[PDB]
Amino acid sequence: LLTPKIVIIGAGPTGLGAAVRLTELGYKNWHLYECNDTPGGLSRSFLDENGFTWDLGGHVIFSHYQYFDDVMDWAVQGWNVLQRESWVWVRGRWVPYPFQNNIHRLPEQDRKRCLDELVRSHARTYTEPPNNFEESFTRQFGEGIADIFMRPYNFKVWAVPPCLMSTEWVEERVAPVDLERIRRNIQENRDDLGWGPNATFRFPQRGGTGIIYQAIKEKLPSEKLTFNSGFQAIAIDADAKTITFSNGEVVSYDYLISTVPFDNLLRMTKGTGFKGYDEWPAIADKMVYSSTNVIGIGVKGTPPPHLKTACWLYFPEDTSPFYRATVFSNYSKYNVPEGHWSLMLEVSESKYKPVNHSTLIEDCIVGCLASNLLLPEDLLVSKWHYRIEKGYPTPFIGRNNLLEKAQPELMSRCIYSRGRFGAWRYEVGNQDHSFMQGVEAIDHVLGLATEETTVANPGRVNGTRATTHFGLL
């Protein structure tokens, strides 16, 4: 029985998600193309010349779907399960994540400022909802929390002024505060712990996050996968329904599951009969994102007592260039050579926030010294660096309207643009979301489902847990 030809571009979690579902269904007429030598995309891991494994920034596995959990169990045996121990370095103190719920750990005067400003913003009411993320967190948390944490931290990570960001992506990312709880915490010095979908997470014992997608790759039919730099897609002809690669090859498709960046897709896709086609270049120009610099510092010995069981740490202040540090050796003993530990640092970059790359590593090290991560006597054996051009899809004001101008037109022509940058929706931008966007796209294409829940209803997916199992486990 011959079936429509499905081509997948990209072997990150989204693409592999589509491939896995097809495999589960026993579908035969499909092929996946990837221009990297290795599966995983932004979820790959790297082994440096000194024996240190690196992820591309802190990655931890936590799932909103039974399906993805099953896939993880199926792909990888040997998981470490950890309770999140995450902190914020601010005003000379270690404050438990989330900052806003734990202001009792601030020095007295900062704590008083945070509480008082929180009381004052409770006393202020408004006719209309906030127009942007900054107005939103300022009204919600008060000027104390905003000044000490929300504003400097959010610029430091997003590399975009938060006043240019929308407000509805925050549901599972920005914890709310309760004034009565906060006052009680202050009376009792009682930490407020365990908030959020990654309060518990898991991480592979060996090979970093990338081992997951390597194992997945090895489970799929090898003949249906292509990993080669010549297979970078550089033109989509939607009339002829072909994909032209950088090596000059041309292949046809009935359906295209594209996980390349949405801006890249719009600029390389040509055809007739697309409504609004002439606007595509302006749409692509308006898609806001930040780049991500990953710096891996390998250190002799063992981490200091205050970092013994730390996971990831946040740095709102200008004494460090990185917004986050991960004690990556605490996820697995095998991420480092014996007798060492490691810090994985993240520095954002954009048009609003340029980076001097020639001084970046040394600046990170100076930042570690100033932020209680390293001491002058620490011995550094590895200084790894990796720059991601497209790191975060900014939830910028106007994003949905831009997306709605092209996405339904692409889909009506059998082109499904999905994943972290394929759909450009940060709030469903993690590994489980991405993987499931691939699974769901296949379901839609094959008529098993009438809608794609994850990419279309971020609120629904993150408010519940999907219960359906993965059959190959």
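The numbering used is simple: start at 1 and walk along the sequence shown.
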Name the higher of the two by mean Cα B-factor in the PDB entry, 370-378 versus 214-222. 214-222
For the higher mean C-alpha B factor in the entry, choose 319-327 or 170-178. 170-178
Highest Cα B-factor in the PDB entry belongs to which of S434, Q407, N50, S45? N50
Determine which member of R93, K241, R183, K300 has the highest CA B-factor, using the values in the deposited entry. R183
B-factor third for the C-alpha atom of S417 within its chain: middle
Can you tell me whether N430 has a C-alpha B-factor in the lowest, middle or highest third compared with the other modelled residues of the same chain? lowest
Once the chain's modelled residues are ordered by C-alpha B factor and cut into thirds, is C35 in the lowest, middle or highest one? lowest
Tell me, lowest, middle or highest third: where does the Cα B factor of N335 rank within its chain? middle
Lowest, middle or highest third of the chain for the C-alpha temperature factor of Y277? middle
